[PDB]
Structures are given as structure tokens and as C-alpha cells.
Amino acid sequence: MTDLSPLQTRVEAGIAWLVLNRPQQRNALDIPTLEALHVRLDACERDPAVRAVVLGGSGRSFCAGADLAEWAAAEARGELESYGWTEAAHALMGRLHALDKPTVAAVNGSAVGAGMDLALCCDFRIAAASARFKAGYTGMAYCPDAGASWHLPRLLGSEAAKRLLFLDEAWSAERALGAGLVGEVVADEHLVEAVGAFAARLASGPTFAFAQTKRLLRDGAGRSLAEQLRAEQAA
């Protein structure tokens, strides 16, 4: 039972569960949701209790993307230029992607556009069989492709990323699993149990070493092997 918080947060045994909680809107991303998760993520980094972070959706869908109704209100009347959704989303994507704790995305349902980009910023992705994935061209709209064009080619290769972006069809959890979009697929009934077990052994490990390792993985993409070895001879 929710208390109208935009983001339901619970911390159990070193695992911080951050669940999007607008199930009626399929957990559509709006500025209140963006900012709330953005501030709660900063609290998780500083908190010594949390050693792993889970990002999940409520109800049938993980996240349907940007809230078109909120965008409509700014567009239809008043300040469309003062609407700061893109600024709030890009700050959130950057922080989650570089978070110093191990992060897991529990794709309980469909992830679309910015909703899929939110899962791609996590280190791991476990998806339910019902989960469906949409990006770029939807058939009726075109999602923001900033983070998709950065994440998708790195996880899927260039061609596979262009099939998902340019074609309007959604990908199933099986197809996402086979293409490398998600790392693991479980039945929807066992998803919360599967994520908890996976996040538990992540939480049992040395969080400090994971933080340094996660920074080396990210920094290593832009430097040669010799540079990477030089950089690790320092701290």
C-alpha cells in the first residue's frame, strides 16, 4: 500500500529497492519521478548500509517513458521552453550509470524509450518473460534517442541496435536476452525473488572493490591497455 510518494523506497539487508510508483501511468517518467529517483540515488551512494541497488517498476509495466500528459500541459499552455524535463532526465541517466554501488534493473514489464534507457544505465538487467522493449520509432511516435544511441550499440552491436531503433516492432524478453539487451530472464512470478537473490550475493561482496572496478571499466573504454595499466598504478 503506497503513501503517494512518487518513488517507493525500501532498504532490506543492504539492498535498496527503488520502485517507480505510478502504475496507472505505466510508471511514466515525469520531473517529480526523475528528481525523486535522482535524489534517492545520491543518498544510496553516501549510505554505508546499502551495498546494492534495485530499480523496479510497479504493476504490469517497468516504465512507459516520458510522461506525455505533463509535456502536453507545458506545451498546450504556458512555458514549453521553461519545461526542464530533458535536463532532469539527463542528470538522472548520468548519475545512475556512474553510481558507485552495484545496480540491478528488474524489468517487470514493458520498457519504452526513456524507460528502457533507465534500465540500460544499470549494471545488470533481469527481465520477466512478459517484458517488452521499444526504442526509437514506435509506429506512432519517436522516443528520445540520446541514451539509446549510446547504450544500444555498446550492448547489441551497431546493426542490432539499428533494427530496434529504426523498426517499430517491440522485442520480447527472449529476443532481448538473445541479443544481449538483458542478462537474465525469469518468469514474472519469480522475478522479485530472483532479483533479491541476485542482489543479495552482490550485496555480500566487497562494495569498495566494486566501486573502483566499476570506475575502471568505464574509464577503460576511452584509453588503451597501456594507459589503463598506468592509471591503475595510482589512486
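Residue numbers run from 1 along the displayed sequence.
Peer 1: Averaged over C-alpha atoms, is the B-factor higher for 64-72 or for 168-176 in this PDB entry?
Peer 2: 64-72 has the higher mean C-alpha B-factor.
Peer 1: Tell me which stretch has the larger mean Cα B-factor in this entry, 81-89 or 97-105.
Peer 2: Averaged over C-alpha atoms, the B-factors run higher in 81-89.
Peer 1: Say you rank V185, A49, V53, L181 by Cα B-factor from the PDB entry; which sits at the top?
Peer 2: Comparing C-alpha B-factors across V185, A49, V53, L181, the maximum falls on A49.
Peer 1: What third of the chain does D123 rank in for C-alpha temperature factor, lowest, middle or highest?
Peer 2: Tercile = lowest for this residue's CA B-factor.
Peer 1: Is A161 in the lowest, middle or highest third of its chain when residues are ranked by C-alpha B-factor?
Peer 2: For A161, the deposited C-alpha B-factor lands in the lowest third.
Peer 1: Comparing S224 with the other modelled residues of its chain, is its CA B-factor in the lowest, middle or highest third?
Peer 2: For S224, the deposited C-alpha B-factor lands in the lowest third.
Peer 1: Determine, from the deposited record, the chain-internal third of the Cα B-factor for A129: lowest, middle or highest.
Peer 2: Tercile = middle for this residue's CA B-factor.
Peer 1: With respect to C-alpha B-factor, does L18 fall in the lowest, middle or highest third of the chain as deposited?
Peer 2: According to the entry, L18 has a C-alpha B-factor in the chain's middle third.
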